[PDB]
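# Overview (structure and organization)
Take a look at the letters that make up each chain.
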Amino acid sequence: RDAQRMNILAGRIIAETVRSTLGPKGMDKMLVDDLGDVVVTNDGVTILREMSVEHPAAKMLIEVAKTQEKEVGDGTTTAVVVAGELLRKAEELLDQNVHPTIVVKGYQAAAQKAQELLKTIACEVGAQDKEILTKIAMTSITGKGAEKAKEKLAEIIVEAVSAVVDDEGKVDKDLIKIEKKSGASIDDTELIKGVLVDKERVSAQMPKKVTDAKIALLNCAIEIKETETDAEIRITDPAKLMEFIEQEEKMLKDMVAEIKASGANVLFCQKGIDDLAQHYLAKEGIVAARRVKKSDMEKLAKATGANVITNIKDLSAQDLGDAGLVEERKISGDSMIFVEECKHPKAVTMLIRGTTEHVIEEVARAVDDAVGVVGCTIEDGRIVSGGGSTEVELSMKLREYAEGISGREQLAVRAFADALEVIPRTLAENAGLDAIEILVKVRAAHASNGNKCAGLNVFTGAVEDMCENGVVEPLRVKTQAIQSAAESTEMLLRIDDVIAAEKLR
């Protein structure tokens, strides 16, 4: 066998695994491992990331989807479906004694023409409109499947990303923290100005609320410190069975006196604290938290401007952090610390609620991907008509450019246009509508004089203007998906030799 013929089949099987999961409605898959854990979700890269690959060329497909997640986020599933059709059409075309080299030139040249043609189909919008951004987030969260309480979540996510808009245009995603916790309903979700630390209090005797506090970090143990340089502990008392115990209490009761002298107040230690030491700290009233993740100490210092210090002895004033209002109230579940950074706010958090942990995990990924979808829109400022209305137009206009081309390469350009027409068919197959009878209806509605926004709605189930429904999305998801699809195929169609060379580092 020509070997290369087998590499094409290894890519189609990966596309069929995530083909019947696009659009608002669609049956989701279920993962299972040898351990026993089970998790279900509709996201794209979340599923392919867990699949166990085997063939070497199979990794080239998931590689494209991985790079698309770090850039924008949503739209990784469609990138694999469009690429699958390019391989199926190439099989029938290649079978006709067509060399695989001239076929690459067709997709490469055709992809460049569609890139500039789609730029003119888009429409410019404002860079901070409170009405256009609300409709963009609706199509993103709706794609993951959550028709229960989404109209309110759209206005909340758009209000948080607005504060991240810098003074130049760039948008950052690290300033948007996500928090998941059970509660009672999805409507309980709110936007917190400060951060949120989900931890318990070590002593209930400590103050419940204090104003005008002072942040103080400590990513290291808090107890007696040993000599750094080569030395030995100094102790020669007769009753040494109690001296070391009092020494620890002194380090937790005396050192704190010097820390507060520099304006400090509350503390946030990393490891635990001595048992007897908590007794004195309880009466003194010093907030603290034992056993905290290292990732938590980084977001606070980066947002508040503090410095992560390890030596409890070297704690000057500049090493601390300003505050405004600290409190560890409770609401629907266990208490949680709410540190408000009103002096220099930059990052925010979103506390998600729900009836069961298995439900909040689904919407947790939708809100995360929405930041990239809406974030890039504020940076560029140009959206397009979603719902397959923008892709169906290229399939009809690209044929005009193929007429000018001559030779065998012209046949490859026509196949690219038909292959691109794949998102409107599968979108209706999973819904329930026909897969052919409706295609001719949309083609006639948008033949020439028709508007450039007609598509298909799975809800009503009839052709109509999709722009009026409010289903839109930024062009950053399509311009990058089509650009990567035309280049990814070049790696599989060109490769042919498979040498079993061992030891390659």
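Residues numbered from 1 in each chain as written, not as in the entry; some residues may be left out. Heavy atoms only, no water.

Structure determination for this PDB entry is given in the record as cryo-EM, at a resolution of 4.1 Å.

### Let's talk about the overall build of the protein chain
To keep things clear, this is the line we draw: Only DSSP runs of H or I covering at least 4 residues are called helices, and only runs of E covering at least 2 are called strands; the numbering of each starts at the N terminus. Note that the radius of gyration is over C-alpha atoms, with the globule rule given as 2.2 Å times the number of residues to the power 0.38. By the convention used here, residues are in contact when the closest approach between their heavy atoms is within 4.5 Å. Positive charges are assigned to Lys and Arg, negative charges to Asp and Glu, while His and the chain termini are left out of the count. By convention, the charge on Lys lies at NZ, on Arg at CZ, on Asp at CG and on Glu at CD.
When you go through the protein chain residue by residue, the secondary structure sums to 18 helices and eleven strands. Against the 2.2 N^0.38 benchmark of 23 Å for 505 residues, the protein chain shows a C-alpha radius of gyration of 29 Å, more extended than a compact globule. Sequence-distant contacts in the protein chain: of pairs separated by 6 or more residues, those separated by 24 or more amount to 74%. Within the protein chain, one finds 67 positive and 88 negative side-chain charges whose respective centroids are separated by 1 Å.

### Digging into the packing of aromatic side chains
The condition that has to hold: Only rings of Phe, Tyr and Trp enter the pairing, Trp through its six-membered ring, and a pair is recorded when the two centres are within 6.5 Å. The plane angle decides the type: under 30 degrees is stacked, over 60 is edge-to-face, the rest tilted.
By the definition in use, this model includes one aromatic pair. With 5.9 Å between their ring centres and 40 degrees between their planes, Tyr107 and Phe416 make a pair best called tilted. One end of the pair, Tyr107, is in helix α5 (residues 100-121); the other, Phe416, is in helix α14 (residues 409-420), with 309 residues separating them in the sequence.

### Considerations on helix α6 (residues 132-144)
The following threshold applies: When a residue's accessible area, from a 1.4 Å probe over protein chains only, is under 20% of the maximum for its type it is buried; when over 50% it is exposed; and in between it is partly exposed.
Of all the positions in α6, only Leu133, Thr134, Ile136, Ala137, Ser140, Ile141, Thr142 and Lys144 are classed as buried. Looking at the buried residues of α6, the elements they touch are α7 (151-164), α12 (357-380), β10 (382-385) and β11 (472-474). At the exit of α6 stands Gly145, carrying a positive phi of roughly 90 degrees.

### Things to note about the sheet that holds β10
The cut-off we apply is this: By definition, two strands form a pair when at least two bridges between them are found by DSSP.
In space, the three strands of this open sheet follow the order β3-β10-β11, with antiparallel pairing throughout. In this open sheet, the two strands that pair with only one neighbour each are β3 (123-124) and β11. Examined bridge by bridge, β10 and β11 share three bridges and lie antiparallel to one another. Across the sheet, the residue bridging to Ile383 is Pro474, located in β11.

### Comments concerning the sheet that holds strand β6 (residues 209-211)
Definition in use: Interaxial angles span 0 to 180 degrees and are taken between N-to-C directions of axes, which are lines fitted to C-alpha atoms, for helices over the stretch in contact.
Spatially, β6-β7-β8 is the arrangement adopted by the three strands of the open sheet, whose pairing is antiparallel. Across the chains shown, the open sheet's two edge strands, defined by having one partner strand only, are β6 and β8 (338-340). Strand-to-strand twist of the sheet, defined as the mean angle between neighbouring strand axes without regard to direction, takes the value 5 degrees. Bridging between strand β7 (residues 325-327) and β8 involves three bridges; their strand directions are antiparallel. Bridge assignment links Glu327 to a residue of β8, and that residue is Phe338.

### Some points on a positive patch on the surface
What counts, and what does not: Only residues above 30% relative accessible area that lack a salt bridge enter a patch, with like-charged residues linked at up to 9 Å and the nonpolar side chains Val, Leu, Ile, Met, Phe, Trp and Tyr linked at up to 5 Å. Note that accessible areas follow from Shrake-Rupley with a 1.4 Å probe, and for residues the cover is restricted to the protein chains shown. In the sections that follow, a salt bridge refers to a side-chain nitrogen of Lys or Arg positioned within 4 Å of a carboxyl oxygen of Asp or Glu.
A contiguous patch of positive charge, built from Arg49, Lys66, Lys70 and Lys173, is present on the exposed surface. You can see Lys173 is positioned in the loop between α7 and β4 (176-180).

### Let's talk about empty space enclosed by the protein
Heads up, the condition is: Cavities and pockets are defined on a 1 Å grid built over the protein atoms alone: a cavity is a set of grid points where a 1.4 Å probe fits but cannot escape, while a pocket is an open set with protein on both sides within 12 Å along at least five of seven lines, and lining residues are those with an atom within 4 Å of any such point. Grid points are joined across faces, edges and corners, and a volume is the space filled by probe spheres set on the points.
Going through the model one piece at a time under the given rule, you end up with 14 cavities of 30 Å³ or more. Taken as a whole, the largest cavity spans an internal volume of roughly 180 Å³. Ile141, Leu153, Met350, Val363 and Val367 are the residues nearest the centre of the largest cavity, which is lined by 15 residues in total. A total of four residues in the lining of the largest cavity trace back to one element, the largest contributor, which is α12.

### Concerning the pairing of β10
Relative to β10, β3 is paired through two bridges, and the arrangement is antiparallel. In the sheet register, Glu124 faces β10, and the bridge partner there is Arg382.

### Section: the nonpolar core
Our working definition: Residues belong to one nonpolar core when they are buried, are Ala, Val, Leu, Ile, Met, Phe, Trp, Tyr or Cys, and are joined through side-chain atoms within 4.5 Å.
If you look at the biggest cluster of nonpolar residues, it comprises 29 residues, and the most contacted ones within it are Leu133, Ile136, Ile157, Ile176, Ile352 and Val374. Contributions of two or more residues to this core are made by α6, α7, β9 (348-352) and α12. In contact with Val374, not counting residues within four places along its chain, are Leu133, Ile136, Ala137 and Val161. Counting residues in each nonpolar core, the second largest holds 26 residues, with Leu398, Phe416, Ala417 and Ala419 among its members.

### Some points on the packing of helix α8 (residues 240-253) against helix α10 (residues 275-284)
Selection rule: By definition, turning the near helix anticlockwise from the far helix through less than a right angle yields a left-handed crossing, and turning it clockwise yields a right-handed one. Ten residue types, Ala, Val, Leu, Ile, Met, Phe, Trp, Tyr, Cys and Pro, are classed as nonpolar, four, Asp, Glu, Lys and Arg, as charged, and the remainder, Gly among them, as polar.
For the pair α8 and α10, the least separation of the axes is 9 Å and the interaxial angle reads 35 degrees. The element α8 and its partner α10 pack so that their crossing is right-handed. Along its contact with α8, which presents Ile245, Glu249, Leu252 and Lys253, the element α10 presents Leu276, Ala277, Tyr280 and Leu281. When grouped by side-chain class, the residues that make up the contact of α8 with α10 number six nonpolar, no polar and two charged.

### Some thoughts on the layout of surface pockets
In this model, the largest pocket occupies a volume close to 960 Å³. Lining the largest pocket are 47 residues, with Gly23, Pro24, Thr139, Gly143 and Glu473 positioned closest to its centre. The set of elements that each furnish at least two residues to the lining of the largest pocket consists of α4 (76-95), α6, α15 (423-429), α17 (466-469), β11 and α18 (476-494). Counting residues per element, the lining of the largest pocket draws most heavily on α6, at seven residues. Looking at the lining of the largest pocket residue by residue, the classes come out as 21 nonpolar, 19 polar and seven charged.

### A short note on the packing of α6 against α12
Remark: α6 packs on α12, axes separated minimally by 9 Å, with the N-to-C direction vectors making an angle of 145 degrees. Between α6 and α12 lies a crossing whose hand is right-handed. Touching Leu133, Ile136, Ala137, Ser140, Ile141 and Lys144 of α6 are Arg365, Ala366, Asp369, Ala370, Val373, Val374, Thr377 and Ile378, all from α12. For the contact of α6 with α12, the residue count by class is nine nonpolar, two polar and three charged.

### A short note on a nonpolar patch on the surface
Together, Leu241, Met242 and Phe244 line one region of the surface with nonpolar side chains, adding up to about 340 Å² of accessible area. Examined against the element boundaries, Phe244 turns out to sit in helix α8.

### Notes on a negative patch on the surface
A cluster of like negative charges, contributed by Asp33, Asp34, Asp37 and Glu50, occupies part of the molecular surface. With respect to the helices and strands, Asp33 occurs in the loop between β1 (29-32) and β2 (38-41). A relative accessible area of 36% means that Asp33 is categorised as partly exposed.

### Focus on the pattern of salt bridges
Inspection of every chain in the model, using the stated rule, returns 18 salt bridges. Between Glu421 and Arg443 there is a salt bridge whose closest N-O contact spans 3.1 Å. Taken together, the residues span a long stretch of sequence, with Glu421 in the loop between α14 and α15 and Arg443 in helix α16 (residues 439-445) at a distance of 22 residues. The class of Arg443 is partly exposed, set by a relative accessible area of 34%.

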